[PDB]
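Single-structure report; data block below.
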């Protein structure tokens, strides 16, 4: 799982990070289209920026291929924010009793 | 699971004075979401209290 | 390009020490390990020893008590004072000191006691085959001479096209090569065939025409 | 250059900060293997935090946090361990001694202040250079002093840098507290050097072994401060073996870079420890060092200071474990 | 210690083909691995360091990896310049050890060598010595099997060899062979046959003469 | 940094100065 990084000011997807706009790219330039929409979660605030590539059924991404992905990203965004909420408490509060050692 | 983590009991139906066989399985499906919410939110709480009191024991060192 | 460099091919007498070198360049070895190694031909670059920025020499047991390194870091250099296997291509490299990449040509040492041993250039033509051949091969075998090599040419090079000047090989520490050429029978023996040969350190030229039959 | 370091300043301004109670620093054998210079700086913020000094001496906030980050950037980056991480372990030992060791019930908060600031100024702007190197490589700082020149320079940069901008945590101090501060810190930074420790220590052990030590006899108490100082200056040895491997084999390789300087710009006939050749026998030469200061000091730091016992034990655990590498 | 053995030596593969230069540490070395671009009589270059990281100035078309124990310099987009020696090295642990070397060879079609056995000259017979000779000219591969026949009998001792190896391009292979003999060990014998079995043809190439023929 | 001679070689081959 190699990491990929991009600043919020730089880039088009980074521009979405700046904005949080759902943003279809019917003509990408076998990449040919990109659905660039924020990961989101509790809010429209940019917790991240997803981007889908190469639709089946209708070669272009539709406006239909936008908001539904956002609704999917409701459940995904809650799952991300809260599962990470789970793992952070795990690692941190576990390492706390790891520090408990001497007493 | 079907294992008895607990026992709910509803009382006094609206629409049809009796509970129906319809007034059974739906309560079970509702108890899927409620049962997961209970087991896992309590799973969250036990981790909270226990692992927190652990760092409370961490206090001296 | 960054590179180490050393003396080229050499032919020392047996029992005579040969002072090898390892002149690193394109980088200071002032912060680097330097590692001498031996190559007996087409084999592992068997290790000789190394030196650090500390400036203290270190040896493999094979060369310890035998080899005598003299190396300096600021000079970026490692001398290595020194059989048929010792007749070899000696390489040397480097490494970062914080670390736990460049090379010389590899000094081609040649240790053998012989000096002035004149070549035995034997003219060599087939007893004619019952096979009946047109493009008949003809040849020569220079023999028992030191050191490598002997200059050899067919008719002073007119037949040297596609020449087969094979490498000399030891015979009681005296090299021996088997040169060859080929001519049509339609043009033979009408065409002259001759292995002109000269051997320097022996102080002996030998020039042999290939007379027919022998 | 600075643009990237201040990008690290936004890393201070934009990164998760694990709690010190999560980061085991109270545990004397702490895993500093995973901390970044930033996180160690944060632990240093804890070190200024819990010692009840900011309340007792009115330290400025971000002036202190960037006291910590400025001392962080000031170390030359060519240096191996003797950089900000060295200050991290030293004041780890100091903070732990004054809180986890619970010595505050005994000694005064003034002394806690002197202990802490001198602990973080045990080795300010260390250049991979001990006293002797500049004494013989003749950096101008060497001629600037004589005894313990790096540490006379660490008091010099104590009184200077703390009075220098971005570091005025002394500003809130009252003149008496300030006086006791820089003076006791003077003697202590002189004793942050392991050497002037070796000088001052005998009176201390004579006053400790008989359980006759008393804190209403203040010079003895300040001498104890200095003993804790020297106990902190070498605290990196307290760390766990997977980590300690890194730490003391960087003692190896860093005194081998400094030792490369000892055999290039100095060219002495090599001594057994800082000679690289003894990579398989360096650790014994640590022990002869370790016995010379560590255990001798942590015995008294055991019989008086109490919960600080693992600061001794966390060193001793290394002994044979390094003897292994000392045993080829 | 940790020997850097290379089973790879003289593979005959076509230009542009992928090829793997195998090597194997006898013990753990971590990622600290260093591949190298060796040449006989000339300076080796580094190929890879830290298992993956590549040498400065060498082309990136090469691949070179392996770690801990198993090692492989997988040259890709191979060229005729790539048809030289290569050796693995650990800088991971003292003493440092080195690859056997591997002189890569361009592939080519099987081609029958120009065989021809020749008599020692009577002028050579005056010397009191006689090396019966044979010359085999240009063939693929180097897995050639020379087959001497004194009086029809095979000879593996008393024979010697003198042969060129790889060409930097097509890598044609040539091989002269000889047969040192005392004048009794020549003249007492009569028949002499140079056969040469090879994969170029299942039947050995045959050139021959009786001693009476010359 | 004057000190005891027993200490000095232990300064001369160990970490202190």
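Residue numbers (the entry's author numbering), protein chains in the order written: chain G, 454 to 482, 498 to 571; chain C, 511 to 571; chain H, 1 to 214; chain F, 532 to 859; chain L, 1 to 214; chain X, 71 to 87.
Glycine is no exception: its CB is placed at the ideal position from the N, C-alpha and C atoms.
What are the complete beta strand (DSSP E) segments, minimum 3 residues, inside the segment 642-669 of chain F?
Runs found: none.
Mind pulling the alpha helix (DSSP H) runs of 4 or more residues that sit fully within the segment 164-192 of chain L?
Counting whole runs of 4 or more residues, the segment 164-192 of chain L contains the alpha helix (DSSP H) stretches 183-187.
Can you list the residues of chain H that residue 14 of chain L reaches, using a CB-CB cut of under 9 Å?
The contacting residues do not exist; residue 14 of chain L stays about 22 Å from chain H at best.
Straight-line gap, residue 502 of chain G to residue 529 of chain G (C-alpha atoms, nearest Å)
In a straight line, the C-alpha of residue 502 of chain G is about 7 Å away from that of residue 529 of chain G.
May I ask you to list, following chain order, the residues of the segment 795-821 of chain F that have a beta carbon less than 9 Å from some beta carbon of chain H?
Correct list: 795, 798, 801, 806, 807 and 808.
Please determine, among H/15, H/212, H/24 and H/5, the residue with the shortest C-alpha to C-alpha distance to residue 122 of chain L.
Put simply, of H/15, H/212, H/24 and H/5 the residue whose alpha carbon is nearest the alpha carbon of residue 122 of chain L is H/212.
Would you mind telling me which residues of chain X sit closer than 7 Å to residue 730 of chain F, beta carbon to beta carbon, in chain order?
Counting only Cβ-Cβ distances below 7 Å, residue 730 of chain F has contacts in chain X at 73, in chain order.
Quick check: is the beta carbon of residue 29 of chain H nearer than 8 Å to any beta carbon in chain F?
By this cut-off, residue 29 of chain H is not an interface position.
Under a CB-based cut-off of 8 Å, is residue 569 of chain G close to chain C?
Taking Cβ atoms only, chain C reaches closer than 8 Å to residue 569 of chain G, which makes this a yes.
Provide the residue(s) that pair with residue 123 of chain H in DSSP beta bridges, ordered along the chain.
H/140.
Any residues in the segment 140-171 of chain L with a beta carbon nearer than 8 Å to a beta carbon of chain H? Which ones, in chain order?
Answer set for the segment 140-171 of chain L: 160, 161, 162, 163 and 164.
Can you tell me the Cβ-Cβ gap for residue 788 of chain F and residue 659 of chain F, rounded? I've got them flagged as a contact below 8 Å.
Contact flag correct, Cβ pair sits at about 7 Å.
By alpha-carbon positions, which one of F/856, F/783, F/641 and F/629 ends up nearest to residue 711 of chain F?
Considering only alpha carbons, the answer is F/641.
Where residue 206 of chain L sits in the DSSP three-state scheme:
Here residue 206 of chain L sits in strand by DSSP.
Counting along the chain, where does the alpha helix (DSSP H) carrying residue 545 of chain G start and finish?
Looking at the DSSP string, the run of the alpha helix (DSSP H) that includes residue 545 of chain G is 532-568.
For residue 761 of chain F, is the classification buried or exposed, using 16 other Cβ atoms within 10 angstroms of its Cβ as the cut-off for buried?
Counting Cβ neighbours within 10 Å, residue 761 of chain F comes out buried, since at least 16 surround it.
Does the CB of residue 8 of chain L have a neighbour CB from chain H at under 8 Å?
No - not a single Cβ of chain H is within 8 Å of the one on residue 8 of chain L.
At which residues does the beta strand (DSSP E) containing residue 129 of chain L begin and terminate?
It spans 129-139 - the beta strand (DSSP E) in which residue 129 of chain L sits, taken as one unbroken run.
Positions along the segment 94-109 of chain H whose CB lies within less than 8 Å of some CB in chain L:
95, 99, 100, 101, 102, 103, 104, 105, 106 and 108: these are the residues of the segment 94-109 of chain H whose beta carbon lies less than 8 Å from some beta carbon of chain L, given in chain order.
Against chain F, which members of the segment 44-55 of chain H pass a CB distance test of less than 9 Å?
Listed by position, the residues of the segment 44-55 of chain H near chain F (Cβ gap below 9 Å) are 52, 53, 54 and 55.
Can you confirm whether residue 81 of chain X, when its beta carbon is compared against all beta carbons of chain F, has any partner nearer than 8 Å?
Under the 8 Å criterion on CB atoms, residue 81 of chain X is classed as interfacial with respect to chain F.
For the candidate residues H/41, H/195 and H/101, whose alpha-carbon lies nearest to that of residue 107 of chain H?
Among H/41, H/195 and H/101, the Cα nearest to that of residue 107 of chain H is on H/41.
Where the segment 533-553 of chain F meets chain C: residues whose CB sits under 9 Å from a CB there:
Within the segment 533-553 of chain F, the residues whose Cβ lies closer than 9 Å to some Cβ of chain C are 550, 552 and 553, listed in chain order.
My assumption, with CB atoms under 8 Å, is that residue 661 of chain F sits in contact with residue 681 of chain F. Please give the rounded CB distance.
The beta-carbon separation of residue 661 of chain F and residue 681 of chain F, rounded to 6 Å, stays under the 8 Å limit for a contact.
Does any C-beta atom of chain C lie closer than 8 Å to the C-beta of residue 769 of chain F?
It does not; no Cβ of chain C falls within 8 Å.
Buried versus exposed, by CB contacts within 10 Å (16 or more), residue 147 of chain H:
The C-beta of residue 147 of chain H has 16 or more other C-beta atoms within 10 Å across all chains shown, which makes the residue buried.
Measure from the alpha carbon of residue 808 of chain F to the alpha carbon of each residue in H/157, H/112, H/127 and H/54, then state which is nearest.
Among H/157, H/112, H/127 and H/54, the Cα nearest to that of residue 808 of chain F is on H/54.
Identify the continuous beta strand (DSSP E) that holds residue 541 of chain F and give its terminal residues.
Counting along the chain, residue 541 of chain F falls outside any beta strand (DSSP E), though it belongs to the alpha helix (DSSP H) covering 533-544.
Starting from residue 561 of chain G, find everything on chain C with Cβ-Cβ shorter than 9 Å and list it in chain order.
For the C-beta of residue 561 of chain G, the chain C residues within less than 9 Å are, from N- to C-terminus, 557, 558, 561, 562, 564 and 565.
With the cut-off set at 8 Å, would you say residue 25 of chain H and residue 76 of chain H are in Cβ contact?
Against a cut-off of 8 Å, the Cβ pair of residue 76 of chain H and residue 25 of chain H comes out as a contact.
Who does residue 477 of chain G pair with in a DSSP beta bridge?
According to DSSP, which records beta bridges pairwise, residue 477 of chain G is partnered with G/503.
Would the segment 32-41 of chain L count as touching the segment 91-110 of chain H if we require 3 or more Cβ pairs under 8 Å?
Per the Cβ contact rule, the segment 32-41 of chain L is in contact with the segment 91-110 of chain H (3 or more Cβ pairs under 8 Å).
Within chain C, the residues that residue 557 of chain F reaches when beta carbons sit closer than 7 Å:
Chain C residues near residue 557 of chain F: 571.
Proximity to residue 163 of chain H [Cα-Cα], best of H/173, H/117 and H/183:
Minimum Cα-Cα distance from residue 163 of chain H among the listed residues H/173, H/117 and H/183 corresponds to H/183.
Please state if the CB of residue 186 of chain H and the CB of residue 120 of chain H are separated by a distance shorter than 8 Å.
No, the pair does not count as a contact, with Cβ atoms beyond the cut-off.
Would you check if the distance between the CB atom of residue 150 of chain H and the CB atom of residue 174 of chain H is smaller than 8 Å?
No; because the gap between Cβ atoms is not below 8 Å, this pair is not in contact.
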